[PDB]
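There are 4 protein chains.
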Amino acid sequence: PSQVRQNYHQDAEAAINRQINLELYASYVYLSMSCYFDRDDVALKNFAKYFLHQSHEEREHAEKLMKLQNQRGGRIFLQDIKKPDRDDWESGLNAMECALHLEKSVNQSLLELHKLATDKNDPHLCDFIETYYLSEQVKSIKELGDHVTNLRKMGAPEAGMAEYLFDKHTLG
Amino acid sequence: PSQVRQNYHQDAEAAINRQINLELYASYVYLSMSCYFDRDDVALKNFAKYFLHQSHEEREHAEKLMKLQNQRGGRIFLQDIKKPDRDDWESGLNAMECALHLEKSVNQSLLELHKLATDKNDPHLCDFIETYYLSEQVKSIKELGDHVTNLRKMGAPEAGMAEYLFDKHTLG
Amino acid sequence: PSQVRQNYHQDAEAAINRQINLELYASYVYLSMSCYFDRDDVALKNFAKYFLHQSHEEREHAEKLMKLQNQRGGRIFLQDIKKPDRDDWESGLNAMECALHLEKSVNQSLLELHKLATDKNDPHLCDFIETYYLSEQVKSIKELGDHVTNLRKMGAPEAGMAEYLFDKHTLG
Amino acid sequence: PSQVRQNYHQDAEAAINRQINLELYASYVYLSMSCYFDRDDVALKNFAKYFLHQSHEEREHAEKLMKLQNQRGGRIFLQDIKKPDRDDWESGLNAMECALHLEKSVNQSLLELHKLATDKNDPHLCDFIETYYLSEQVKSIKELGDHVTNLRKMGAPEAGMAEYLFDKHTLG
Ligand SMILES: [Fe+3]
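In structure tokens:
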């Protein structure tokens, strides 16, 4: 094997590659949302900025996983990055709800990866996931839930002023 | 002819003079809008500021065309600057819609001018129009479309708060 | 159509979407190269840094195309980002050769897109491609050719010192 | 027992003392390497500097373990620090290979210590080992593997220029 490989199960390496592809897919979905809100018939600049920042953060998460895989002596295997489920995200509120669902799915995959690391007795991988991924997932889920709650209370998307003022005040 | 004239067709010179008059007319229309929003019974300061800035930008575009005409050895012929079609612009949303229409008409005239430059094999004129006028027209049209979309979603002009809050948050 | 759409053919919109997917694919390929050179059994840090920078530049090119598509009133349609052709790039020289091939293919697609813009009489699109994409492609192709020539003269990859010293002196 | 002792098994205390002695031994071995490369007939200053820094880092690791042992109410028991296996390390490449082996052995002992902490339900000890020792071991192993790979590709130690240029460019 690799000269640096030590206590790194092949199942963990495969699951790291799968998580890499999932993070890249999440980056792609956020890019799709960000480009939806830049349309002339949507025109919510701070929503688009927020989702572009989320896309870049997901890219950084994938790159950190790739660095971890090379650090442990595993070999990175890249797969296709699937296109997002839709191109029209229909509202700021619907995009925030879908982002919340996506982040919860990514968190569930990370929890499965941590369970795999625990079952294989890989404390370094468990420490990596706990330190760099689980807490960030919890904060992201809480922030998206806060956003969805506020937009819902404002009357979005029926109340046309709601998404505009949320764009100005919360995301601006 | 002029001692500096070279590869400058008379049709291009005439079309440059026509474009000069069109830019001056657009400046006049924007000045009319800006003075409409400064009325005591309208009182939207940031709308008036936005349209005054647009008027000054259109005048700068006309001056740049005049400089181009003198640079190529053509002779500037000024015509009457027609008064705008109306004095009462009736709302912020209606003024933005009419501005979008005016910018699209100016862009169509610029595209015709570029086609004329291409048919006459004047690469300097084509480069001038592409570099300094077409891209700015595209950005201006996109910005006006964004403004119209946002005002429409806010419920303007029926929702009285819409134009006020758009004046404060987007134009302010 | 879009309220901002003007002189934007549907063929141009489709070709812009295809170019978007091509730029994203090129970013993915460069990311694959960058992760190959971070392996413990390759260990060329400046090669990996160079290819990571190339990946980020390709993503920026894709984002600029997306902004152009929204600016002209076209609608962005995202497709799958295909996985790179290989995971093992076998040497610094082979990776540079494949990068040169990839950049030439991207340039050929850009030239086809410019020919389409010229045939449809879209001077704004032609100006966009010429200003922001063709010159950068020419610089990138020249730089990659220089790199390949230097590595070949050094005796890479048979001469083991060649890629190391190229990593230190040229890429470092 | 100690007035501060709480949830600290005697097996954990014994294993902490053993790890202390192992870290001190690793510091001694690195000091031996550093003094080997300062010889007039070897004369690789940056190799010696690198190994002296490694020796000081291992001593700091031992001191941190000693502080942990006093913090939990355990009692430090020091043993003999055995002399290194050899005095002549024969090359930069051989010294790097032996350093890689030594760091992997230290990492294996740390993994055993973490398994002991997990079996005894000592979350503070597991957190201490994961935060301060396992990640650093992974970085050190990866760095040493990178060094060995680069020296091997350069042709060390047969190619006399290889260790000199690695000393100047990588370690300098
Ligand atoms: Fe040198």
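Chains as they are written, first to last, in the deposited numbering: chain A, 5 to 176; chain X, 5 to 176; chain Q, 5 to 176; chain N, 5 to 176.
The beta-carbon is built from N, C-alpha and C at its ideal position, and this holds for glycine as well.
By the DSSP assignment, the alpha helix (DSSP H) with residue i in it spans what residues?
i	result
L129 of chain X	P127 to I133
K108 of chain A	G96 to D123
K157 of chain A	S139 to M158
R90 of chain Q	Segment: none, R90 of chain Q is in no alpha helix (DSSP H) and carries neither H nor E.
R22 of chain X	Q14 to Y40
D171 of chain Q	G164 to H173
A52 of chain A	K49 to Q75
Cβ of residue i versus every heavy atom of ligand 1: is any distance shorter than 8 Å?
i	result
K172 of chain Q	yes
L169 of chain N	yes
Using a threshold of 9 Å, state whether the C-beta atoms of residue i and residue j are closer than that.
i	j	result
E17 of chain N	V110 of chain N	no
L97 of chain Q	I20 of chain Q	no
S113 of chain X	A66 of chain X	no
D91 of chain A	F81 of chain Q	yes
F51 of chain Q	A121 of chain Q	no
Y40 of chain X	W93 of chain X	yes
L175 of chain X	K53 of chain X	yes
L48 of chain Q	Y168 of chain Q	yes
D45 of chain A	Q141 of chain Q	no
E107 of chain A	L69 of chain A	no
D89 of chain X	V33 of chain X	yes
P127 of chain Q	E134 of chain X	yes
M37 of chain Q	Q14 of chain Q	no
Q23 of chain Q	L155 of chain Q	no
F132 of chain Q	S139 of chain X	yes
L129 of chain Q	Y12 of chain Q	yes
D123 of chain A	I85 of chain Q	no
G164 of chain A	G159 of chain X	yes
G77 of chain Q	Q10 of chain Q	yes
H173 of chain X	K157 of chain A	no
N125 of chain Q	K119 of chain X	yes
Cβ closer than 7 Å: which chain A residues qualify as neighbours of residue i?
i	result
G77 of chain Q	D44
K86 of chain Q	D84
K119 of chain N	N125
According to DSSP, what are the bridge partners of residue i?
i	result
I85 of chain Q	A:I85
For residue i, return the contacting residues in chain A, with the cut-off set at a CB-CB distance below 9 Å.
i	result
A66 of chain X	Ordered by position in chain A, no residue passes the 9 Å Cβ test against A66 of chain X, which lies about 27 Å from the chain.
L104 of chain N	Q7 and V8
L48 of chain N	Chain A residues near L48 of chain N: none, gap ~22 Å exceeds 9 Å.
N21 of chain Q	The contacting residues do not exist; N21 of chain Q stays about 10 Å from chain A at best.
Mind listing the chain N neighbours of residue i? Cutoff is C-beta to C-beta under 7 Å, in chain order.
i	result
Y40 of chain Q	Result: empty, since nearest Cβ-Cβ is about 13 Å, beyond 7 Å.
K172 of chain Q	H173
Just the chain X side, please: which residues come within less than 7 Å of residue i by C-beta, in chain order?
i	result
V8 of chain Q	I145, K146 and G149
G164 of chain A	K157, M158 and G159
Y168 of chain A	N154, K157 and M158
List, in order along the chain, the chain A residues whose C-beta lies closer than 8 Å to that of residue i?
i	result
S95 of chain Q	Here the premise fails: no neighbours, minimum Cβ distance about 17 Å.
Starting from the beta carbon of residue i, find every residue of chain Q whose beta carbon is closer than 9 Å, and list them in chain order.
i	result
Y32 of chain A	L28, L82 and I85
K71 of chain A	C39 and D42
Please compile the residues from chain N whose C-beta is within a distance smaller than 8 Å of the C-beta of residue i.
i	result
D15 of chain A	Neighbours of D15 of chain A on chain N: none; closest Cβ ~18 Å, over 8 Å.
Is residue i near ligand 2, judged by its Cβ being under 8 Å from some heavy atom?
i	result
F170 of chain X	With respect to ligand 2, the structure offers nothing, as its ligand set consists of ligand 1.
Applying a beta-carbon distance threshold of less than 7 Å, which residues of chain Q neighbour residue i?
i	result
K108 of chain X	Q10
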